[PDB]
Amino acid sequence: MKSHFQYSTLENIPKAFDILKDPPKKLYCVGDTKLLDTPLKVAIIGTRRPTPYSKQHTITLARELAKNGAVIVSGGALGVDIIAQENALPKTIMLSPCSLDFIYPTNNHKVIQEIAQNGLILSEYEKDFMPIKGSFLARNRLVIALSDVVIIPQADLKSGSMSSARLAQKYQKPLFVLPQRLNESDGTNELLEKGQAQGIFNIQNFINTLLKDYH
């Protein structure tokens, strides 16, 4: 699926990538590259199949933060990713697991089009490049490193969101998860039992605290 994206290259790889053990040598971009300068970047990632409960609060989170000047970052994946990005428009950055001439995943072509138009997409791949196992993971570390804080509304064990969790750990990014009933979001509950993550027990409080610390 061709995007028909007229995309350039980004002058300077942002400072945030410096922390990487294997930084990206070059980045391609489409849309507003001035979202890269913002005070607060929040990564919102998670399962491809969120419950109406997870979805509902992801929307609230993405919207509220975006409304108050935060920028949402994700991978455009089905589920939490795309839900969070679409509801943060225009203040949202996507890290693509494929080159900017393609659209992945194809099911989200609609929102990805709006992001390229109103937000920002970045790729570590020049052109005619499609996703393979290792390219998702590599895209992932970019989302985690670019962001100040990581929210994972819902996730299972041994998932990509757990990979990312481990990344948020070693890159000292604060990890936040939505409270979930036992057995409904194992991944996020394990992060909670291990103190590897902080719970969001009040949306208004979690967001206001976060704005105050940057703002």
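Note that residue numbering follows the sequence shown and begins at 1.
Visitor: Where do the C-alpha atoms have the higher mean temperature factor in this entry, in 73 to 81 or in 94 to 102?
Guide: Stretch with the higher mean C-alpha B-factor: 94 to 102.
Visitor: For the higher mean C-alpha B factor in the entry, choose 24 to 32 or 172 to 180.
Guide: Taking the mean B-factor of the alpha carbons in each, 24 to 32 is higher.
Visitor: Say you rank 41, 57, 67, 48 by Cα B-factor from the PDB entry; which sits at the top?
Guide: By C-alpha B-factor in the record, 67 ranks first.
Visitor: Sorting the chain's modelled residues by C-alpha B-factor, tell me whether residue 128 ends up in the lowest, middle or highest third.
Guide: Ranked within chain, residue 128 CA B lands in the highest tercile.
Visitor: Hey, what third does residue 157 fall into on Cα B-factor, ranked over its chain?
Guide: According to the entry, residue 157 has a C-alpha B-factor in the chain's highest third.
Visitor: Per the entry's values, where does residue 138 land by CA temperature factor relative to the rest of its chain, in the lowest, middle or highest third?
Guide: Highest third.
Visitor: Classify residue 191 as lowest, middle or highest third according to the C-alpha B-factor given in the PDB entry, relative to its own chain.
Guide: For residue 191, the deposited C-alpha B-factor lands in the middle third.
Visitor: If you rank the chain by CA B-factor, which third does residue 16 end up in: lowest, middle or highest?
Guide: Middle third, going by the recorded CA B-factors of the chain.
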